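Pasting a structure below so you can have a look.
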Protein chains: 4
Amino acid sequence: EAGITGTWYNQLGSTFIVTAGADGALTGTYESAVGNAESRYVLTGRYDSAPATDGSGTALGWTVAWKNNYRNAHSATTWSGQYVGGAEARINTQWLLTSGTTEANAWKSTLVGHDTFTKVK
Amino acid sequence: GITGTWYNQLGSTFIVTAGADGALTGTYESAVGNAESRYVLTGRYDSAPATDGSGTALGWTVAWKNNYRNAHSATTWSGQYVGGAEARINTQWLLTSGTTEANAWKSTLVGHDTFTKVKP
Amino acid sequence: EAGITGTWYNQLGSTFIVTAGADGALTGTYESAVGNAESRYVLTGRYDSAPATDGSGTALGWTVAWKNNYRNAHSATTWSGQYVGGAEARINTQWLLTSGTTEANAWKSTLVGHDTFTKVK
Amino acid sequence: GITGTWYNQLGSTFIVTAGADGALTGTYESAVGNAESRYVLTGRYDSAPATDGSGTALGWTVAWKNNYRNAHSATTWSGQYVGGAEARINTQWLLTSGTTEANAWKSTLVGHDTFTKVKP
Ligand SMILES: CC(C)COC(=O)CCCC[C@@H]1SC[C@@H]2NC(=O)N[C@@H]21
Ligand SMILES: CC(C)COC(=O)CCCC[C@@H]1SC[C@@H]2NC(=O)N[C@@H]21
Ligand SMILES: CC(C)COC(=O)CCCC[C@@H]1SC[C@@H]2NC(=O)N[C@@H]21
Ligand SMILES: CC(C)COC(=O)CCCC[C@@H]1SC[C@@H]2NC(=O)N[C@@H]21
């Protein structure tokens, strides 16, 4: 919880501002340093609020639809990963970014990637 | 529209409400895996989609913990809603399990689900 | 082995002509019905030449680099999946399509998708 | 450029010859999982890449059967070679295991490896 709540950045310089509720909610804003995007976008997601005790990381995920007041890229990214607490805390994720497409173009609708988030404060 | 009760090819049940400002909320019930009864989901969708006939982009997350079970895992679906006579939500998903560092290389499954308003 | 070798088609109408060697090699050509592609492209791959007997599918994979005499899309696709035998023979796959990019565009280098192949028939 | 011995962040060993007309041939040794010693690999790469500073697209496959073990699985790596002072091969990979029809939804692992001339 307090481990996850805070501000994180990935290797691209994007900014991930998240609040982890005691229920398992993730709420916050995302600012991508790249792509058809500017300023902050609403995010929401979920996380395992009772993780395993064997030293495993905490599973989690969240979504951003790339519409705000400034731009709309008609697409959405989901990040799926785990929080790994400790000396060098991090959120290791893989993501899927789907753009709305016509049916003829559906085969190329989805980008796949990976972001590593590390935390300040 | 998006709000409704959807089923995928596995027989899983996706009950979702689309807010006017882009929020998705509801419950997910998986017919397979370490899962039982309903799980909370949240997500986002493009509340002002293109008019060129493109689908509506969206995504949502389920953390696989409820009062019945906890698989220490989370799935995210990324895809698009495609309107028409037979509405469909086409998705690909990433399912990540909490692992020790030794096992992180095998933390994540990938797959694809297609959702329809047709019951198993 | 005698199952995999053949001409397959996927849901896009692409043509996968493959030969499975006794040793585990896959060789042949791929013709995509969509994208920056025309005519046949060389593929190479591997498959499990001693599969389990519990009813599990046969694991396999292959690569096409999208360069031939006709075009060069500066891209490569890998299909990873399994062959499921029978009269209802199919190869179920997911794929990763990576394009060569500059460092600035690396985050968006890779598409992900899924193809299902069946025969003719 | 590509021809040589590479290592990823797991300590796995990627020995590859890149042919002039686009073949990749070599052996792979994974430092993790149900595997031991070297496995045959084969793949393809763009033998006439763009000159705009873009990387060189490539891919290869390993079937996890050798003389020592058989994991009834196959991994494909998809990525690009980036030449230069910090030369590397950046990939994402898909690992499918043979499954029964009922377990097909969980047949495929997804991940990412970065290969350098350095080992960890
Ligand atoms: C490529 C294009 C057609 C898709 O639309 C966007 O640019 C929306 C912005 C996506 C930013 C991605 S989301 C995943 C990746 N991580 C980040 O921090 N930023 C990137
Ligand atoms: C390691 C893994 C096997 C453990 O996690 C779970 O079984 C939780 C349940 C996951 C169900 C998946 S979510 C993606 C796929 N779609 C569905 O409707 N059901 C499946
Ligand atoms: C950025 C991208 C659009 C450029 O690369 C190509 O179009 C090369 C051709 C890709 C064809 C893909 S390979 C995966 C999918 N399955 C098929 O049979 N055909 C499609
Ligand atoms: C059920 C499955 C986990 C069994 O398959 C294997 O362990 C075969 C070995 C796979 C090693 C993977 S291939 C992708 C990843 N990168 C590496 O260098 N090593 C890992």
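A, B, ... follow the sequence lines: proteins, then strands. Residue 1 opens every chain. Atoms considered below: every heavy atom in the structure, side chains included; atoms not considered: hydrogens, waters and symmetry mates.
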Most chain D-contacting option - heavy-atom pairs closer than 4.5 Å, from C:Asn105, C:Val42, C:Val64: C:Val42
C:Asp54 to D:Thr100 - nearest heavy-atom pair and separation: O-CG2, 4.2 Å
Non-hydrogen atoms of C:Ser80 and D:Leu94 that approach each other most closely: OG-O, 3.2 Å
Approximate separation, where rounding is to 0.5 Å, of D:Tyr45 OH and C:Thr63 OG1: 14.0 Å
Chain C interface, residue from D:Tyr81, D:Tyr39, D:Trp60 that has the most non-hydrogen pairs under 4.5 Å: D:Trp60
Minimum heavy-atom distance between C:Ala59 and D:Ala74, given as atom pair plus value: CB-N, 3.7 Å
Part of C:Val112 within contact of chain D (heavy atom distance under 4.5 Å): neither
N/O donor-acceptor pair under 3.5 Å between D:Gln80 side chain and C:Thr101 backbone: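 Confirmed, D:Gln80 side chain pairs with C:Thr101 backbone.
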More than 12 heavy atoms from other groups under 6.0 Å of NZ on D:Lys119: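 It does not: D:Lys119 NZ has 12 such atoms or fewer within range.
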D:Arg38, CZ atom: more than 12 neighbouring heavy atoms under 6.0 Å: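 No, not enclosed.
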D:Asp21 CG: over 12 foreign heavy atoms closer than 6.0 Å: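 No - once you tally the heavy atoms of other residues, nucleotides and ligands closer than 6.0 Å, there are 12 at most.
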C:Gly45 versus D:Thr42, closest heavy-atom pair with distance: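 That closest heavy-atom pairing would be O-CG2, 3.3 Å.
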Rounded distance (nearest 0.5 Å) linking atom OG1 of C:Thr77 with atom CZ of D:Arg44: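 Answer rounded to 0.5 Å: 13.0 Å.
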Heavy-atom pairs under 4.5 Å with chain D, option from C:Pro51, C:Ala73, C:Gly81 with the top count: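 Ranked by heavy-atom pairs under 4.5 Å with chain D, first place is C:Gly81.
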Over all atoms of both residues, closest heavy-atom pair of D:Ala48 and C:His74: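 Result for this residue pair: O-CE1, 3.1 Å.
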Atom NZ of D:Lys117 with >12 non-hydrogen neighbours under 6.0 angstrom: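 Enclosed: over 12 neighbouring heavy atoms sit under 6.0 Å from NZ of D:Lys117.
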Max heavy-atom pair count under 4.5 Å with chain C, selected residue of D:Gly22, D:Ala63, D:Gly53: D:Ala63
Euclidean distance, C:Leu60 CG relative to D:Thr76 OG1, rounded to 0.5 Å: 10.0 Å
Side chain / backbone / both / neither for D:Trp64 at chain C, heavy atoms under 4.5 Å: neither
C:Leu97, part contacting chain D, at a heavy-atom distance under 4.5 Å: backbone
Reported CG-to-CD distance for the pair C:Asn92 and D:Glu101, which is rounded to 0.5 angstrom: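 Spacing of CG (C:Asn92) from CD (D:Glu101) equals 8.0 Å.
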Region of C:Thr93 in contact with chain D, defined by heavy-atom distances below 4.5 Å: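 Neither part; nothing is under 4.5 Å.
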Part of C:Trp79 within contact of chain D (heavy atom distance under 4.5 Å):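 Contact with chain D involves the backbone of C:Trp79 alone.
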